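Coordinates from upload05.txt are shown below (compact mmCIF, C-alpha atoms (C1' of nucleotides)).
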```
# COMPACT_ATOMS: atom_id res chain seq x y z
CA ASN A 85 0.00 0.00 0.00
CA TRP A 86 2.88 2.44 0.76
CA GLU A 87 4.50 1.37 -2.57
CA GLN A 88 1.34 1.93 -4.73
CA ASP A 89 0.14 5.05 -2.81
CA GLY A 90 1.44 7.87 -0.54
CA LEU A 91 1.23 8.09 3.28
CA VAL A 92 -2.57 7.93 2.59
CA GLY A 93 -1.88 4.22 1.86
CA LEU A 94 -0.87 3.71 5.57
CA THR A 95 -3.67 5.84 7.07
CA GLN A 96 -7.02 4.03 7.30
CA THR A 97 -9.33 4.06 4.20
CA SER A 98 -12.99 5.06 4.78
CA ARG A 99 -15.80 2.63 3.79
CA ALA A 100 -17.59 2.70 0.41
CA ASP A 101 -21.07 2.90 2.10
CA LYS A 102 -20.22 6.05 4.19
CA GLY A 103 -22.86 8.66 3.24
CA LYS A 104 -25.32 6.09 1.68
CA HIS A 105 -28.53 5.31 3.65
CA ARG A 106 -29.44 1.60 4.16
CA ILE A 107 -33.21 2.30 3.89
CA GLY A 108 -34.86 1.42 0.54
CA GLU A 109 -34.42 3.75 -2.47
CA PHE A 110 -38.22 4.33 -2.55
CA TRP A 111 -38.13 5.78 1.00
CA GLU A 112 -35.07 7.99 0.37
CA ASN A 113 -36.76 9.48 -2.74
CA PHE A 114 -40.12 9.77 -0.90
CA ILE A 115 -38.46 11.68 1.99
CA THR A 116 -36.51 13.91 -0.46
CA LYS A 117 -39.60 14.73 -2.59
CA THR A 118 -41.94 15.18 0.42
CA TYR A 119 -39.56 17.78 1.98
CA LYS A 120 -39.04 19.70 -1.30
CA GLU A 121 -42.74 19.67 -2.28
CA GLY A 122 -43.67 20.71 1.24
CA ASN A 123 -41.71 23.90 0.72
CA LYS A 124 -43.08 25.17 -2.63
CA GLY A 125 -44.02 28.88 -2.62
CA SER A 126 -45.05 30.09 0.87
CA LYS A 127 -45.26 26.66 2.63
CA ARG A 128 -42.52 25.78 5.21
CA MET A 129 -42.57 22.08 6.24
CA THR A 130 -40.24 20.78 9.02
CA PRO A 131 -38.48 17.34 9.00
CA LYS A 132 -40.89 16.23 11.79
CA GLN A 133 -43.84 16.87 9.48
CA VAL A 134 -42.07 14.96 6.72
CA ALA A 135 -41.66 12.07 9.19
CA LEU A 136 -45.47 12.10 9.74
CA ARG A 137 -45.95 11.85 5.92
CA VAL A 138 -43.47 8.91 5.95
CA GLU A 139 -45.61 7.17 8.60
CA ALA A 140 -48.80 7.91 6.61
CA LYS A 141 -47.28 6.28 3.46
CA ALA A 142 -46.07 3.35 5.61
CA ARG A 143 -49.72 2.69 6.68
CA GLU A 144 -50.79 2.72 2.99
CA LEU A 145 -47.95 0.32 1.99
CA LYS A 146 -48.40 -1.72 5.22
CA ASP A 147 -44.64 -1.22 5.88
CA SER A 148 -44.03 -2.28 9.52
CA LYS A 149 -40.53 -0.70 9.55
CA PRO A 150 -40.48 2.78 7.85
CA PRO A 151 -37.67 5.35 8.48
CA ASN A 152 -38.00 6.89 12.01
CA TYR A 153 -37.54 10.60 12.85
CA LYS A 154 -33.74 10.42 13.36
CA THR A 155 -33.39 8.65 9.96
CA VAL A 156 -35.50 11.40 8.25
CA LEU A 157 -33.28 14.12 9.84
CA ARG A 158 -30.18 12.29 8.45
CA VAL A 159 -31.71 11.81 4.96
CA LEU A 160 -32.57 15.58 4.76
CA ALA A 161 -29.25 16.54 6.41
CA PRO A 162 -27.26 17.45 3.22
CA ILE A 163 -30.41 19.08 1.71
CA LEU A 164 -30.69 21.49 4.71
CA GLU A 165 -26.87 21.93 4.82
CA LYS A 166 -26.35 23.09 1.24
CA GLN A 167 -28.78 25.76 1.79
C1' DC B 1 15.64 -22.94 -1.32
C1' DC B 2 13.83 -18.13 -0.85
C1' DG B 3 10.71 -14.40 -2.11
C1' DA B 4 6.41 -12.49 -4.11
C1' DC B 5 1.35 -12.77 -5.53
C1' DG B 6 -3.51 -14.86 -5.81
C1' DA B 7 -7.81 -17.97 -3.59
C1' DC B 8 -10.36 -18.93 0.06
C1' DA B 9 -11.72 -18.33 4.54
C1' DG B 10 -12.02 -15.59 8.97
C1' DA B 11 -12.27 -11.53 12.03
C1' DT B 12 -13.23 -6.42 12.30
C1' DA B 13 -14.44 -1.30 12.68
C1' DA B 14 -17.02 2.29 9.45
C1' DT B 15 -21.75 3.12 8.01
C1' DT B 16 -26.43 3.26 8.57
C1' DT B 17 -30.48 2.80 11.36
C1' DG B 18 -32.84 2.81 15.46
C1' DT B 19 -33.76 4.16 20.42
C1' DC B 20 -33.36 7.25 24.40
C1' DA B 21 -32.45 11.33 27.32
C1' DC B 22 -31.61 16.34 27.63
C1' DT B 23 -32.54 20.98 25.46
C1' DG B 24 -32.99 25.93 22.72
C1' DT B 25 -36.79 28.30 21.38
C1' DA B 26 -41.51 30.25 20.00
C1' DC B 27 -46.43 30.99 21.93
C1' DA B 28 -46.84 35.56 23.44
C1' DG B 29 -51.96 42.27 19.11
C1' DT B 30 -49.47 43.21 14.12
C1' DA B 31 -46.53 44.22 7.45
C1' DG B 32 -50.35 45.01 4.16
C1' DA B 33 -49.64 49.72 3.69
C1' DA B 34 -48.16 54.71 2.56
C1' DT B 35 -46.64 57.81 -1.18
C1' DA B 36 -45.17 59.44 -5.21
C1' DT B 37 -45.31 59.23 -10.60
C1' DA B 38 -47.08 58.52 -15.76
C1' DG B 39 -50.75 57.53 -18.93
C1' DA B 40 -55.33 57.15 -20.76
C1' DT B 41 -60.28 58.69 -20.67
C1' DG B 42 -64.24 61.64 -20.11
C1' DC B 43 -67.24 66.07 -19.25
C1' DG B 44 -67.49 70.92 -19.72
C1' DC B 45 -66.82 75.47 -21.90
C1' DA B 46 -64.95 78.60 -25.13
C1' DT B 47 -63.80 79.73 -30.04
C1' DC B 48 -64.26 79.56 -34.18
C1' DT B 49 -66.33 78.23 -39.14
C1' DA B 50 -69.95 77.82 -43.09
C1' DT B 51 -74.78 78.21 -44.45
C1' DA B 52 -78.55 81.03 -44.83
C1' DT B 53 -80.47 84.35 -45.63
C1' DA B 54 -84.64 88.76 -46.48
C1' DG B 55 -84.21 93.51 -47.19
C1' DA B 56 -82.43 97.08 -50.02
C1' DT B 57 -80.79 98.73 -54.55
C1' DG B 58 -79.83 99.19 -59.38
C1' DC B 59 -81.50 98.47 -63.91
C1' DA B 60 -84.02 97.14 -68.02
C1' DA B 61 -88.19 96.31 -70.74
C1' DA B 62 -93.48 97.02 -71.08
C1' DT B 63 -96.58 99.31 -71.49
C1' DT B 64 -99.54 103.74 -70.53
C1' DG B 65 -101.39 108.00 -70.44
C1' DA B 66 -100.53 112.36 -72.26
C1' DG B 67 -99.25 115.18 -75.68
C1' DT B 68 -97.88 117.28 -80.67
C1' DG B 69 -97.66 117.40 -85.85
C1' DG B 70 -99.56 116.83 -90.74
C1' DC B 71 -103.47 116.70 -94.28
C1' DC B 72 -108.30 119.37 -96.14
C1' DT B 73 -113.48 123.15 -103.10
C1' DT B 74 -116.18 127.24 -103.98
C1' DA B 75 -119.41 130.97 -106.00
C1' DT B 76 -124.59 132.54 -107.32
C1' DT B 77 -130.31 131.69 -107.11
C1' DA B 78 -134.47 129.66 -104.74
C1' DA B 79 -137.54 127.55 -100.56
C1' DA B 80 -137.65 126.10 -95.18
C1' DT B 81 -136.54 127.05 -89.84
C1' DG B 82 -134.47 130.14 -86.17
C1' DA B 83 -133.11 135.30 -85.21
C1' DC B 84 -131.88 140.92 -85.75
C1' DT B 85 -132.87 146.05 -87.59
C1' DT B 86 -136.06 150.07 -89.55
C1' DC B 87 -140.84 152.39 -90.34
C1' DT B 88 -145.86 153.30 -89.21
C1' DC B 89 -149.93 153.45 -85.58
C1' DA B 90 -153.98 162.41 -86.72
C1' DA B 91 -159.04 164.01 -85.59
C1' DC B 92 -163.34 167.63 -87.51
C1' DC B 93 -164.39 170.32 -91.21
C1' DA B 94 -166.49 170.77 -95.64
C1' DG B 95 -169.74 168.91 -99.38
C1' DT B 96 -174.45 165.77 -100.23
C1' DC B 97 -179.05 163.38 -98.97
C1' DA B 98 -183.69 161.11 -97.41
```

Is it possible to express this structure as structure tokens?
Amino acid sequence: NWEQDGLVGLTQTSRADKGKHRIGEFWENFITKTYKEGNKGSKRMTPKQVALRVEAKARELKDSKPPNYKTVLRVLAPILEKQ
DNA sequence: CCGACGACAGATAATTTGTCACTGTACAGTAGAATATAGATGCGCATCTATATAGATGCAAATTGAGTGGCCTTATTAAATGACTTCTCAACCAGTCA
């Protein structure tokens, strides 16, 4: 590793899944769209309100294990940060 | 015989997700509203115009009444009618007769 790369070959290497959520792609897109749509024009929707919409979709899909509030805050984290 | 690399299997923290406990912060009457501007539209009042004159005047026929100018056989007699003029208009004495 020190032959094929610099001192960064003898530091640790971070995992490939760092910054990817383990929840299903449907849920990550649902949370992303729900937040963005909830803010069109004058509306101002908080992550907690998004989490309630997640729970409402979970009842429709009969999903016994939807993303919880902390997972919604993490999914929206970079979206709030860029801003 | 020694060193380096790949296959397969095994153990491991980073990553993501979930749960749990402590916490900063909004709820407290409140931004639709004030103050300029241009730009278009409409009602009112004045200021012209173009038409429409009837009354007055000048003139030129069209008679119309009122003028004026130019052209014409004559002399005797007789009768008739109507007129004019002139003249005249004494009175008793002297000589017969039945």

Tell me as a list in words which residues belonging to chain B come within 8 Å of chain A, counting all atoms listed in the file.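 Within 8 Å of chain A on chain B, we get residues 14, 15, 16, 17 and 18 of chain B.
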
Distance of atom CA of residue 137 of chain A from atom CA of residue 111 of chain A, expressed in Å to one decimal place: 11.1 Å

Go ahead and compute the interatomic distance for atom CA of residue 86 of chain A and atom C1' of residue 13 of chain B, in Å to one decimal. 21.4 Å

Students should find that atom CA of residue 157 of chain A and atom CA of residue 114 of chain A are spaced 13.5 Å

Draw an axis-aligned box over all listed atoms of segment 86-92 of chain A, pad each side with 5 Å, and write its centre and edge lengths in Å, one decimal, as AutoDock Vina command-line options.
```
--center_x 1.0 --center_y 4.7 --center_z -0.7 --size_x 17.1 --size_y 16.7 --size_z 18.0
```

Who sits within 12 Å of residue 130 of chain A, only C-alpha atoms (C1' of nucleotides), same chain under 2 positions skipped, as a list in words: residues 115, 118, 119, 120, 121, 122, 123, 127, 128, 132, 133, 134, 135, 136, 137, 153, 156, 157, 160 and 164 of chain A

Have segment 115-131 of chain A completed to N, CA and C atoms, please, and pass it along as a PDB file, keeping the file's coordinate frame.
```pdb
ATOM      1  N   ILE A 115     -38.814  10.660   0.970  1.00  0.00           N
ATOM      2  CA  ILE A 115     -38.460  11.680   1.990  1.00  0.00           C
ATOM      3  C   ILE A 115     -37.958  12.927   1.264  1.00  0.00           C
ATOM      4  N   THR A 116     -37.073  12.748   0.283  1.00  0.00           N
ATOM      5  CA  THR A 116     -36.510  13.910  -0.460  1.00  0.00           C
ATOM      6  C   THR A 116     -37.632  14.693  -1.143  1.00  0.00           C
ATOM      7  N   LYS A 117     -38.532  14.010  -1.853  1.00  0.00           N
ATOM      8  CA  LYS A 117     -39.600  14.730  -2.590  1.00  0.00           C
ATOM      9  C   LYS A 117     -40.584  15.360  -1.605  1.00  0.00           C
ATOM     10  N   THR A 118     -40.932  14.647  -0.532  1.00  0.00           N
ATOM     11  CA  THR A 118     -41.940  15.180   0.420  1.00  0.00           C
ATOM     12  C   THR A 118     -41.417  16.498   1.000  1.00  0.00           C
ATOM     13  N   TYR A 119     -40.148  16.535   1.416  1.00  0.00           N
ATOM     14  CA  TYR A 119     -39.560  17.780   1.980  1.00  0.00           C
ATOM     15  C   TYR A 119     -39.626  18.894   0.938  1.00  0.00           C
ATOM     16  N   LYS A 120     -39.151  18.625  -0.280  1.00  0.00           N
ATOM     17  CA  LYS A 120     -39.040  19.700  -1.300  1.00  0.00           C
ATOM     18  C   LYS A 120     -40.439  20.191  -1.654  1.00  0.00           C
ATOM     19  N   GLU A 121     -41.382  19.267  -1.844  1.00  0.00           N
ATOM     20  CA  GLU A 121     -42.740  19.670  -2.280  1.00  0.00           C
ATOM     21  C   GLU A 121     -43.367  20.446  -1.119  1.00  0.00           C
ATOM     22  N   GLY A 122     -43.059  20.044   0.115  1.00  0.00           N
ATOM     23  CA  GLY A 122     -43.670  20.710   1.240  1.00  0.00           C
ATOM     24  C   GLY A 122     -43.193  22.142   1.378  1.00  0.00           C
ATOM     25  N   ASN A 123     -42.173  22.538   0.632  1.00  0.00           N
ATOM     26  CA  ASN A 123     -41.710  23.900   0.720  1.00  0.00           C
ATOM     27  C   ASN A 123     -41.977  24.766  -0.484  1.00  0.00           C
ATOM     28  N   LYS A 124     -42.828  24.353  -1.428  1.00  0.00           N
ATOM     29  CA  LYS A 124     -43.080  25.170  -2.630  1.00  0.00           C
ATOM     30  C   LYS A 124     -43.836  26.449  -2.268  1.00  0.00           C
ATOM     31  N   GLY A 125     -43.431  27.562  -2.868  1.00  0.00           N
ATOM     32  CA  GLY A 125     -44.020  28.880  -2.620  1.00  0.00           C
ATOM     33  C   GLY A 125     -43.854  29.328  -1.171  1.00  0.00           C
ATOM     34  N   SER A 126     -44.979  29.583  -0.508  1.00  0.00           N
ATOM     35  CA  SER A 126     -45.050  30.090   0.870  1.00  0.00           C
ATOM     36  C   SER A 126     -45.000  29.009   1.952  1.00  0.00           C
ATOM     37  N   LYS A 127     -45.250  27.734   1.632  1.00  0.00           N
ATOM     38  CA  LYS A 127     -45.260  26.660   2.630  1.00  0.00           C
ATOM     39  C   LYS A 127     -43.866  26.461   3.245  1.00  0.00           C
ATOM     40  N   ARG A 128     -43.785  26.058   4.514  1.00  0.00           N
ATOM     41  CA  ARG A 128     -42.520  25.780   5.210  1.00  0.00           C
ATOM     42  C   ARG A 128     -42.667  24.529   6.057  1.00  0.00           C
ATOM     43  N   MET A 129     -42.299  23.364   5.537  1.00  0.00           N
ATOM     44  CA  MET A 129     -42.570  22.080   6.240  1.00  0.00           C
ATOM     45  C   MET A 129     -41.298  21.638   6.967  1.00  0.00           C
ATOM     46  N   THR A 130     -41.419  21.219   8.229  1.00  0.00           N
ATOM     47  CA  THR A 130     -40.240  20.780   9.020  1.00  0.00           C
ATOM     48  C   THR A 130     -39.990  19.289   8.817  1.00  0.00           C
ATOM     49  N   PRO A 131     -38.761  18.784   9.054  1.00  0.00           N
ATOM     50  CA  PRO A 131     -38.480  17.340   9.000  1.00  0.00           C
ATOM     51  C   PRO A 131     -39.441  16.469   9.823  1.00  0.00           C
TER      52      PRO A 131
END
```
